[PDB]
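Every number for a ligand or one of its atoms is a count from 1 in the order of the listing. Just the heavy atoms: all of them, side chains too, but no hydrogens, waters or symmetry mates, feed the values below. All residue numbers in this chain count up from 1 along the given sequence.
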Amino acid sequence: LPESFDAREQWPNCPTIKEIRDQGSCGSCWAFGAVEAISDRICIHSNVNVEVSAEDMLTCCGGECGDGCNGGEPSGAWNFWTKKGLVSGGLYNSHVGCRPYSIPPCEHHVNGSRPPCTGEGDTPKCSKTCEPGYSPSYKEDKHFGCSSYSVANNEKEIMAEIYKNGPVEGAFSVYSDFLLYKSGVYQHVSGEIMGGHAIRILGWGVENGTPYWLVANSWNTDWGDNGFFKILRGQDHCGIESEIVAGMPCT
Ligand SMILES: *[C@@H](C(=O)N[C@H](C(=O)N1CCC[C@H]1C(=O)O)[C@@H](C)CC)[C@H](O)C(=O)NCCC
């Protein structure tokens, strides 16, 4: 495997790999790391670029994925894609796709022009309809996965999975010193644990001797390094290598 790899550069024709979404004031991070990597994988493995709906995943999976805005289970999310499929849907207020995200963007531990995020909010209704003016129908806009699986806590297998099949979903423990990240390779030094956080991993490299995983967060682009961050690789730091999940699209 190369010393560095950035899936944005490797698949130029899949612009979802460069996007950073915003989960709003909702603990929907489990749903976001999944629909972002599922969008990327649809594009990498097609005979075609769709923004898969975080709304659909978030509201309609139910208890197999956990508990909506209160948090959930990442492999549970990849499973819903193979069983029920996912419709398209872009950013809040975009009117792109069947079911755009309905929770407003907010400032995540950073000051800016949006309202601050609050805690978690209420999970919206599972509405099986597309927005007005969109075609096809909800039922017809579903995209299915044909496999859902877990990747072993093994840095070489994770690197080979991203290299071969595209970005993956991961989860790690957030301590309060992570909230303040701006650049470089994050390593945890102080802070109260704040929760597990599911994100999308899309590459790796070595920044001045320190090996890292290139990660994309769902806290909008004004947090961290334009929404992305680097975290220490190879030592299962904050559990970053312990809960990798991925899956393959049909056809
Ligand atoms: C993951 C999640 O979304 N966690 C929280 C988060 O990212 N939030 C909540 C409000 C918006 C945003 C923020 O802090 O800016 C937070 C607790 C992380 C510090 C969710 O809780 C989950 O699904 N966890 C399970 C993953 C295995």
What atoms of ligand 1 come closer than 4.0 angstrom to any heavy atom of [X]?
| X | result |
| --- | --- |
| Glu243 | 27 (C) |
| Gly119 | 10 (C) |
| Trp30 | 23 (O) |

Determine, considering heavy atoms only, which of [options] sits nearest to [atom].
| atom | options | value |
| --- | --- | --- |
| atom 11 (C) of ligand 1 | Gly72, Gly24, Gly66 | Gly24 |
| atom 12 (C) of ligand 1 | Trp219, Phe178, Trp223 | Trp219 |
| atom 14 (O) of ligand 1 | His109, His197, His108 | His109 |

Problem - Any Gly27 heavy atom less than 4.0 Å to ligand 1 - result: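 Distance cut 4.0 Å: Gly27 passes for ligand 1.
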Exercise for the section: Please confirm whether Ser218 comes under 4.0 Å of ligand 1, counting heavy atoms of the residue only. Expected result: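 Contact check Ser218 vs ligand 1: negative.
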Exercise for the section: Specify side chain, backbone, both or neither for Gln23, according to which of its non-hydrogen atoms lie closer than 4.0 Å to ligand 1. Expected result: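 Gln23 to ligand 1: side-chain contact only, backbone stays beyond 4.0 Å.
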Practice task
Examine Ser25 against ligand 1 and note whether any of their N/O atoms are separated by less than 3.5 Å.
Solution key: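 So ligand 1 has no N or O lying under 3.5 Å from an N or O of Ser25.
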Handout entry: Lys/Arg N to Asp/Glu carboxylate O, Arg21 vs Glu55, below 4.0 Å
Key =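 Looking at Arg21 and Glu55, the cut-off is not met.
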Handout entry: Under 3.5 Å: donor-acceptor pair, side chain of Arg233, backbone of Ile240
Key =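 Pair absent, no side-chain N/O of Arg233 close to backbone of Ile240.
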Problem - Polar side-chain atom of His188 near backbone of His237 as donor-acceptor pair, under 3.5 Å - result: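 Between the backbone of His237 and the side chain of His188 there is no qualifying donor-acceptor contact (under 3.5 Å).
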Practice task
Among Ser88, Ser135, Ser53, find the one that has a side chain to side chain contact (heavy atoms under 4.5 Å, CB included) with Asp141.
Solution key: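 Exactly one pass, corresponding to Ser88.
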Handout entry: Pairs touching residues 118-143 that satisfy ring-ring contact (aromatic ring centres under 6.0 Å, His included), sequence neighbours left out
Key =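 Matches after skipping sequence neighbours: none remain.
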Problem - Closest approach of any protein heavy atom to atom 1 (C) of ligand 1, naming residue and atom - result: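 Going by distance alone, atom 1 (C) of ligand 1 is nearest to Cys29 SG, 1.8 Å.
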Exercise for the section: Could you walk me through whether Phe32 and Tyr101 pass ring-ring contact (aromatic ring centres under 6.0 Å, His included), step by step? Expected result: CA-CA 11 Å; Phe32 271 79; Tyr101 199 46; 4.9 Å; yes
Distance-only donor-acceptor pairs under 3.5 Å for side chains of residues 209-217, two or more places apart:
| from | atom 1 | to | atom 2 | distance (Å) |
| --- | --- | --- | --- | --- |
| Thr210 | OG1 | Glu207 | O | 3.4 |
| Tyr212 | OH | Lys230 | NZ | 3.4 |
| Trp213 | NE1 | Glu241 | OE2 | 3.0 |

Exercise for the section: Give a yes or no on whether atom 16 (C) of ligand 1 lies under 4.0 Å from any heavy atom of the protein. Expected result: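 Protein heavy atom within 4.0 Å of atom 16 (C) of ligand 1: absent.
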